[PDB]
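What follows is a short report on a single structure.
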Amino acid sequence: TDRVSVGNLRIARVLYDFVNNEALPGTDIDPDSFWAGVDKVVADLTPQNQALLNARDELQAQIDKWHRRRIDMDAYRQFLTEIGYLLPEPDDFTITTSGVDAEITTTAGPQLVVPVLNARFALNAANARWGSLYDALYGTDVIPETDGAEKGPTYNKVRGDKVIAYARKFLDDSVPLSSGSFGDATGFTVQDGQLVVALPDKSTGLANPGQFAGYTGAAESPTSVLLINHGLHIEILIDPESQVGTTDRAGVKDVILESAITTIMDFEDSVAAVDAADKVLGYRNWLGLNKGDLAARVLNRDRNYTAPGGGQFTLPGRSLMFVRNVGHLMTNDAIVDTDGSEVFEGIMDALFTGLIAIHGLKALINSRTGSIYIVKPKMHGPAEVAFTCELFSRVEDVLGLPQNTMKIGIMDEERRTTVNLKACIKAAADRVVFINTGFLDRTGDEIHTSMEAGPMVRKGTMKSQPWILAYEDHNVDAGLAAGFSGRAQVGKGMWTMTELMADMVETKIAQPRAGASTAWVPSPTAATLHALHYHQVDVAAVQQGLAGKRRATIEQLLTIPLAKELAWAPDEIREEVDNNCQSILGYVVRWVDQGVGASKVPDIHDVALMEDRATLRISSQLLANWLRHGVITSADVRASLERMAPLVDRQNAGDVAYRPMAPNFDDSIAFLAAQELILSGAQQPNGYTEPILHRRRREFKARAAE
Ligand SMILES: O=C(O)c1cc2ccsc2[nH]1
Ligand SMILES: [Mg+2]
Ligand SMILES: [Mg+2]
């Protein structure tokens with residue numbers, strides 16, 4: 001119709017044009033040979049993809065019956081073994097992934113995640129490798145507004161001084177002088193290769209002069225001083241003529257931190273992309289980032305420095321990029337077969353994002369070691385991991401890339417991956433560069449998998465349940481036992497409260513203390529603040545100290561988060577229903593009506609949260625669970641949705657083109673989607689929301705196409 005026929009494939013025209021005209025040129029790959037490659041890879045791997053998806057349904061159906069036909073933990077576990085859910089743990093091994101960049105193998109630090117469909121955000125992200133500590137401290141609630149230090153339309157000097165002080169204190173804790181404090185420093189010099197600091201009554205150096213990494217300008221009167229601690233860089237910009245530098249005892253203008261060492265450009269949960277036009281926009285942005293010519297305002301270039309002993313060197317000025325493809329579930333009409341059946345989206349993302357990423361290896365650049373970094377979400381168990389690897393192998397042939405060029409980041413966010421984590425890693429032993437954990441998806445799967453067992457604890461309660469604490473520790477243990485320390489990242493989840501930076505600075509330190517190589521932040525600002533934690537915590541030492549430990553048993557992992565009988569008062573029930581209905585509606589309306597997958601969404605208490613699509617999975621699965629066991633009724637669910645809808649409406653009053661859901665609820669496609677997600681929730685595969693979401697978004701767009 002409006003498609004290009006290649007073999008058994010009917011490629012959407014926008015897609016076909018985009019690959020040939022934009023993606024392919026530069027890659028030395030023959031267009032027709034590429035498309036034929038696509039035709040064959042799709043046909044060859046599609047049935048295998050389907051077999052894995054069906055296998056999920058079989059397991060879940062068996063688990064459903066088992067619960068209904070009853071809690072004997074020993075029998076439950078033996079059952080999961082019998083049905084091939086819980087597979088035998090392989091002997092110890094060590095990953096062999098080679099050609100990995102240092103930012104992944106060695107450097108511990110923040111990792112940004114940004115919706116690929118947003119060129120400006122994506123630009124900021126790639127440039128967030130370096131960010132200003134002053135701007136971050138002054139701009140957020142880390143420095144309390146309190147007494148005369150409040151922000152205004154004018155720069156407030158009382159506040160800047162607190163910022164300066166905080167930064168001086170940080171320098172004391174990070175790169176300690178052999179004597180005295182940074183707060184008293186009056187100047188900085190470089191005599192005989194060693195950084196000398198000017199104190200009022202004397203002069204000292206770094207207690208460990210190894211932390212001196214270089215400088216700019218002349219050794220006598222430098223324009224900046226480069227420091228290193230825990231593999232992370234710290235830059236003191238010295239400029240006595242600047243506004244802040246003028247009033248500073250040492251002429252200091254700013255302190256710059258190496259912040260977002262890596263960034264994940266996201267095709268999955270932070271992006272709304274339900275057809276061929278959407279995917280191209282995303283692919284196009286991914287192309288521009290990889291050719292290094294995206295702009296709206298360009299991509300930063302490397303940074304120049306002078307070695308402590310005179311010579312010249314350089315550091316990368318951009319955030320090393322991953323891409324997150326979609327998982328194994330969804331199809332997309334960007335390609336169909338002759339029968340009209342949509343082609344598997346994950347298979348498409350491997351080919352296209354992989355094709356595109358070729359530009360990142362030639363000059364502008366990304367991986368200096370020659371690798372492409374794909375993060376794969378929502379896999380269920382080790383066979384699904386081996387499938388992803390086999391897919392990568394094939395795509396590499398179509399692209400003419402050396403084998404194992406396309407590295408994998410295994411996200412641990414499904415229960416069948418959690419309890420088989422060592423086997424999952426081993427299936428990717430020569431490609432794996434990353435594992436991580438998070439709250440939303442994983443708890444959604446937790447609730448779905450045990451849907452029939454009984455009513456679950458409230459969402460808040462989940463964060464402190466035995467299963468999830470065991471899962472957090474188990475993740476770290478498995479990676480370290482597999483040799484990740486020095487070879488691959490071990491990550492932990494997102495800080496979602498974008499305006500609550502004091503809290504983040506206070507609490508998020510627990511992640512590197514738990515041995516996390518990296519963890520997720522929602523903004524460049526956040527990345528800068530979070531970098532503090534890796535200065536205070538020596539993650540390599542922590543990881544070294546954790547080795548050999550088994551801090552989580554299979555029994556703990558399998559402890560279902562069931563509510564003890566009569567746990568809640570009727571007002572607690574309503575509070576939770578309301579809370580969850582608000583979460584659905586707040587995220588759904590922006591998603592369906594505007595194709596926005598990630599934004600600052602006020603929760604029921606007007607706190608700004610930055611969650612991806614998975615917030616929909618947990619909240620819908622919880623209410624569906626509570627529906628299934630009669631904690632609440634259908635009258636309850638609808639009443640709550642009707643109450644929260646105008647509240648969401650009001651929270652979007654500051655939106656130039658928002659559309660009310662109230663009072664005409666059934667004419668709101670957004671409202672109907674929220675309602676469907678909940679009432680149809682128990683029947684969704686593993687509780688996945690995309691089937692309902694994609695359809696409703698496509699419906700809204702067709703309604704709007706008039
Ligand atoms: O895990 C989360 O909550 C999360 C992921 C992403 C990606 C962009 S915003 C965001 N929140
Ligand atoms: Mg997820
Ligand atoms: Mg140390």
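Chain lettering (A, B, ...) mirrors the order of the structure tokens, residue numbering begins at 1 for each chain separately, and ligand numbering begins at 1 in order of display.
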Run DSSP on the backbone of this structure and report the residues of stretch 149-222 of chain A it assigns to strand (DSSP E or B), as a PDB file with N, CA, C and O atoms, in the first residue's frame.
```pdb
ATOM      1  N   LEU A 177      44.419  18.396  51.657  1.00  0.00           N
ATOM      2  CA  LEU A 177      45.744  19.006  51.759  1.00  0.00           C
ATOM      3  C   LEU A 177      46.521  18.374  52.911  1.00  0.00           C
ATOM      4  O   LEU A 177      45.934  17.973  53.915  1.00  0.00           O
ATOM      5  N   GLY A 187      45.624  30.893  46.990  1.00  0.00           N
ATOM      6  CA  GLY A 187      46.088  30.707  45.624  1.00  0.00           C
ATOM      7  C   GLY A 187      46.560  29.290  45.332  1.00  0.00           C
ATOM      8  O   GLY A 187      46.747  28.484  46.245  1.00  0.00           O
ATOM      9  N   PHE A 188      46.753  28.986  44.053  1.00  0.00           N
ATOM     10  CA  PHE A 188      47.216  27.669  43.626  1.00  0.00           C
ATOM     11  C   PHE A 188      48.370  27.800  42.648  1.00  0.00           C
ATOM     12  O   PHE A 188      48.267  28.536  41.655  1.00  0.00           O
ATOM     13  N   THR A 189      49.467  27.091  42.916  1.00  0.00           N
ATOM     14  CA  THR A 189      50.603  27.087  41.991  1.00  0.00           C
ATOM     15  C   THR A 189      51.106  25.671  41.708  1.00  0.00           C
ATOM     16  O   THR A 189      50.850  24.736  42.481  1.00  0.00           O
ATOM     17  N   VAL A 190      51.833  25.529  40.601  1.00  0.00           N
ATOM     18  CA  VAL A 190      52.454  24.259  40.236  1.00  0.00           C
ATOM     19  C   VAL A 190      53.977  24.358  40.129  1.00  0.00           C
ATOM     20  O   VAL A 190      54.521  24.657  39.061  1.00  0.00           O
ATOM     21  N   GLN A 191      54.654  24.093  41.246  1.00  0.00           N
ATOM     22  CA  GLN A 191      56.110  24.150  41.319  1.00  0.00           C
ATOM     23  C   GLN A 191      56.724  22.752  41.262  1.00  0.00           C
ATOM     24  O   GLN A 191      56.464  21.921  42.140  1.00  0.00           O
ATOM     25  N   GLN A 194      54.478  19.478  41.321  1.00  0.00           N
ATOM     26  CA  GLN A 194      53.623  19.251  42.473  1.00  0.00           C
ATOM     27  C   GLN A 194      52.746  20.477  42.721  1.00  0.00           C
ATOM     28  O   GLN A 194      53.230  21.612  42.709  1.00  0.00           O
ATOM     29  N   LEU A 195      51.455  20.249  42.930  1.00  0.00           N
ATOM     30  CA  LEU A 195      50.518  21.343  43.121  1.00  0.00           C
ATOM     31  C   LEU A 195      50.683  21.953  44.492  1.00  0.00           C
ATOM     32  O   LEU A 195      50.395  21.309  45.505  1.00  0.00           O
ATOM     33  N   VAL A 196      51.134  23.200  44.536  1.00  0.00           N
ATOM     34  CA  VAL A 196      51.252  23.884  45.816  1.00  0.00           C
ATOM     35  C   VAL A 196      50.028  24.771  46.062  1.00  0.00           C
ATOM     36  O   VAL A 196      49.510  25.412  45.141  1.00  0.00           O
ATOM     37  N   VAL A 197      49.551  24.785  47.301  1.00  0.00           N
ATOM     38  CA  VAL A 197      48.390  25.588  47.647  1.00  0.00           C
ATOM     39  C   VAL A 197      48.789  26.711  48.599  1.00  0.00           C
ATOM     40  O   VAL A 197      49.524  26.490  49.562  1.00  0.00           O
ATOM     41  N   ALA A 198      48.304  27.916  48.322  1.00  0.00           N
ATOM     42  CA  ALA A 198      48.668  29.090  49.108  1.00  0.00           C
ATOM     43  C   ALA A 198      47.784  29.278  50.347  1.00  0.00           C
ATOM     44  O   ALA A 198      46.617  29.655  50.241  1.00  0.00           O
ATOM     45  N   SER A 203      52.310  27.162  53.328  1.00  0.00           N
ATOM     46  CA  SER A 203      51.962  26.557  52.045  1.00  0.00           C
ATOM     47  C   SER A 203      52.092  25.043  52.121  1.00  0.00           C
ATOM     48  O   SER A 203      53.031  24.529  52.731  1.00  0.00           O
ATOM     49  N   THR A 204      51.147  24.332  51.506  1.00  0.00           N
ATOM     50  CA  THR A 204      51.124  22.870  51.563  1.00  0.00           C
ATOM     51  C   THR A 204      50.834  22.253  50.198  1.00  0.00           C
ATOM     52  O   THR A 204      50.680  22.956  49.199  1.00  0.00           O
ATOM     53  N   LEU A 206      48.910  18.382  48.399  1.00  0.00           N
ATOM     54  CA  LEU A 206      47.984  17.292  48.667  1.00  0.00           C
ATOM     55  C   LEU A 206      48.684  16.248  49.526  1.00  0.00           C
ATOM     56  O   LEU A 206      49.798  15.833  49.204  1.00  0.00           O
ATOM     57  N   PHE A 212      46.832  14.977  42.162  1.00  0.00           N
ATOM     58  CA  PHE A 212      47.098  16.066  41.225  1.00  0.00           C
ATOM     59  C   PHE A 212      47.145  15.479  39.818  1.00  0.00           C
ATOM     60  O   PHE A 212      47.965  14.608  39.531  1.00  0.00           O
ATOM     61  N   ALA A 213      46.262  15.950  38.943  1.00  0.00           N
ATOM     62  CA  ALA A 213      46.105  15.329  37.631  1.00  0.00           C
ATOM     63  C   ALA A 213      46.498  16.243  36.484  1.00  0.00           C
ATOM     64  O   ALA A 213      46.631  15.790  35.350  1.00  0.00           O
ATOM     65  N   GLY A 214      46.673  17.526  36.776  1.00  0.00           N
ATOM     66  CA  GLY A 214      47.053  18.479  35.751  1.00  0.00           C
ATOM     67  C   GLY A 214      46.495  19.866  35.979  1.00  0.00           C
ATOM     68  O   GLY A 214      46.031  20.172  37.078  1.00  0.00           O
ATOM     69  N   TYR A 215      46.535  20.701  34.940  1.00  0.00           N
ATOM     70  CA  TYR A 215      46.063  22.085  35.030  1.00  0.00           C
ATOM     71  C   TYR A 215      45.883  22.743  33.662  1.00  0.00           C
ATOM     72  O   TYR A 215      46.099  22.110  32.628  1.00  0.00           O
ATOM     73  N   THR A 216      45.450  24.004  33.669  1.00  0.00           N
ATOM     74  CA  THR A 216      45.435  24.851  32.466  1.00  0.00           C
ATOM     75  C   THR A 216      46.094  26.222  32.732  1.00  0.00           C
ATOM     76  O   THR A 216      46.229  26.639  33.893  1.00  0.00           O
ATOM     77  N   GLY A 217      46.502  26.915  31.663  1.00  0.00           N
ATOM     78  CA  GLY A 217      47.273  28.150  31.787  1.00  0.00           C
ATOM     79  C   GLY A 217      48.686  27.900  32.314  1.00  0.00           C
ATOM     80  O   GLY A 217      49.180  26.772  32.248  1.00  0.00           O
ATOM     81  N   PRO A 222      47.822  29.406  37.151  1.00  0.00           N
ATOM     82  CA  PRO A 222      46.928  28.566  36.341  1.00  0.00           C
ATOM     83  C   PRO A 222      45.480  29.062  36.251  1.00  0.00           C
ATOM     84  O   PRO A 222      44.971  29.666  37.191  1.00  0.00           O
TER      85      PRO A 222
END
```
Could you produce a table of the residues of chain A lying within 9 Å of ligand 2, with the nearest pair of atoms per residue and their separation in Å rounded to one decimal, using only C-alpha atoms and all ligand atoms, ordered by chain and increasing residue number, as CSV?
```
residue,atom,partner,partner_atom_place_in_ligand_line,distance
A:268,CA,ligand 2,1 (Mg),8.4
A:269,CA,ligand 2,1 (Mg),6.6
A:377,CA,ligand 2,1 (Mg),6.3
A:378,CA,ligand 2,1 (Mg),6.7
A:411,CA,ligand 2,1 (Mg),8.0
A:412,CA,ligand 2,1 (Mg),8.8
A:413,CA,ligand 2,1 (Mg),6.3
A:414,CA,ligand 2,1 (Mg),8.9
A:437,CA,ligand 2,1 (Mg),8.8
A:438,CA,ligand 2,1 (Mg),7.1
A:439,CA,ligand 2,1 (Mg),8.2
A:440,CA,ligand 2,1 (Mg),6.4
A:441,CA,ligand 2,1 (Mg),4.6
A:442,CA,ligand 2,1 (Mg),7.3
A:612,CA,ligand 2,1 (Mg),7.5
A:613,CA,ligand 2,1 (Mg),7.6
A:614,CA,ligand 2,1 (Mg),5.5
A:615,CA,ligand 2,1 (Mg),8.7
```
Checklist line | Residues near residue A:88, cut-off 12 Å, only C-alpha atoms, skip fewer than 4 positions along chain, as an MDAnalysis selection string | finding: chainID A and resid 78 80:82 84 381:382 419:424 554
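When the distance limit is 10 Å and only C-alpha atoms are what count, the residues near residue A:472, minus those fewer than 5 positions from it on the same chain, are residues 412, 418, 436, 437, 438, 439, 467, 477, 491, 492, 493, 511, 514, 551, 552 and 557 of chain A.
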For this session: Produce as a ChimeraX atom specification the set of residues near ligand 1, where near means within 6 Å with only C-alpha atoms and all ligand atoms considered.
Result: /A:113-115,270,494,496,522,598,610-612
Residue selection dump (N, CA, C and O atoms) as a PDB file, in the first residue's frame:
```pdb
ATOM      1  N   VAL A 113      19.652   8.691  32.185  1.00  0.00           N
ATOM      2  CA  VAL A 113      18.768   7.976  31.278  1.00  0.00           C
ATOM      3  C   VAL A 113      17.792   8.996  30.740  1.00  0.00           C
ATOM      4  O   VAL A 113      17.192   9.746  31.509  1.00  0.00           O
ATOM      5  N   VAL A 114      17.626   9.021  29.423  1.00  0.00           N
ATOM      6  CA  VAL A 114      16.875  10.088  28.779  1.00  0.00           C
ATOM      7  C   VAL A 114      16.116   9.556  27.557  1.00  0.00           C
ATOM      8  O   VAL A 114      16.632   8.728  26.820  1.00  0.00           O
ATOM      9  N   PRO A 115      14.865  10.003  27.374  1.00  0.00           N
ATOM     10  CA  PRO A 115      14.019   9.591  26.252  1.00  0.00           C
ATOM     11  C   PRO A 115      14.622  10.016  24.921  1.00  0.00           C
ATOM     12  O   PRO A 115      14.718  11.223  24.667  1.00  0.00           O
ATOM     13  N   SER A 270      10.805   5.227  28.649  1.00  0.00           N
ATOM     14  CA  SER A 270      10.677   6.693  28.766  1.00  0.00           C
ATOM     15  C   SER A 270      10.201   7.388  27.489  1.00  0.00           C
ATOM     16  O   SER A 270      10.221   8.613  27.398  1.00  0.00           O
ATOM     17  N   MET A 494      16.618   4.380  39.825  1.00  0.00           N
ATOM     18  CA  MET A 494      16.468   5.809  39.594  1.00  0.00           C
ATOM     19  C   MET A 494      16.030   6.578  40.833  1.00  0.00           C
ATOM     20  O   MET A 494      15.186   6.099  41.600  1.00  0.00           O
ATOM     21  N   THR A 496      13.709   9.396  41.640  1.00  0.00           N
ATOM     22  CA  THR A 496      12.564   9.869  40.882  1.00  0.00           C
ATOM     23  C   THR A 496      12.090  11.258  41.292  1.00  0.00           C
ATOM     24  O   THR A 496      11.333  11.890  40.561  1.00  0.00           O
ATOM     25  N   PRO A 522      17.818  11.421  37.133  1.00  0.00           N
ATOM     26  CA  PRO A 522      16.815  11.926  36.194  1.00  0.00           C
ATOM     27  C   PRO A 522      17.210  13.229  35.487  1.00  0.00           C
ATOM     28  O   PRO A 522      16.443  13.707  34.649  1.00  0.00           O
ATOM     29  N   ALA A 598       8.075  10.502  29.589  1.00  0.00           N
ATOM     30  CA  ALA A 598       8.845  10.846  30.775  1.00  0.00           C
ATOM     31  C   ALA A 598       8.781  12.344  31.022  1.00  0.00           C
ATOM     32  O   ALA A 598       9.184  13.139  30.171  1.00  0.00           O
ATOM     33  N   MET A 610       9.688  11.563  38.469  1.00  0.00           N
ATOM     34  CA  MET A 610      10.096  11.276  37.102  1.00  0.00           C
ATOM     35  C   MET A 610      10.223   9.786  36.851  1.00  0.00           C
ATOM     36  O   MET A 610      11.332   9.269  36.767  1.00  0.00           O
ATOM     37  N   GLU A 611       9.093   9.106  36.698  1.00  0.00           N
ATOM     38  CA  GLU A 611       9.089   7.665  36.465  1.00  0.00           C
ATOM     39  C   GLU A 611       8.904   7.361  34.978  1.00  0.00           C
ATOM     40  O   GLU A 611       8.340   8.177  34.244  1.00  0.00           O
ATOM     41  N   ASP A 612       9.369   6.198  34.530  1.00  0.00           N
ATOM     42  CA  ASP A 612       9.035   5.758  33.174  1.00  0.00           C
ATOM     43  C   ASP A 612       7.748   4.929  33.207  1.00  0.00           C
ATOM     44  O   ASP A 612       7.095   4.844  34.249  1.00  0.00           O
TER      45      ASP A 612
END
```
Taking only C-alpha atoms and all ligand atoms and a cut-off of 9 Å, can you tell me which residues surround ligand 3, written as an mmCIF file with C-alpha atoms, in the first residue's frame?
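Contents of the output file result-v2.cif:
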```
data_model
loop_
_atom_site.group_PDB
_atom_site.id
_atom_site.type_symbol
_atom_site.label_atom_id
_atom_site.label_comp_id
_atom_site.auth_asym_id
_atom_site.auth_seq_id
_atom_site.Cartn_x
_atom_site.Cartn_y
_atom_site.Cartn_z
ATOM 1 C CA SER A 174 37.947 14.531 48.436
ATOM 2 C CA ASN A 229 39.776 10.930 43.147
ATOM 3 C CA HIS A 230 38.313 7.440 42.819
ATOM 4 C CA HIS A 535 33.893 10.777 45.998
ATOM 5 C CA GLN A 536 32.902 9.824 49.559
ATOM 6 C CA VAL A 537 32.513 6.125 48.824
ATOM 7 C CA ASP A 538 35.287 3.956 47.355
ATOM 8 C CA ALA A 541 37.018 -1.187 47.872
#
```
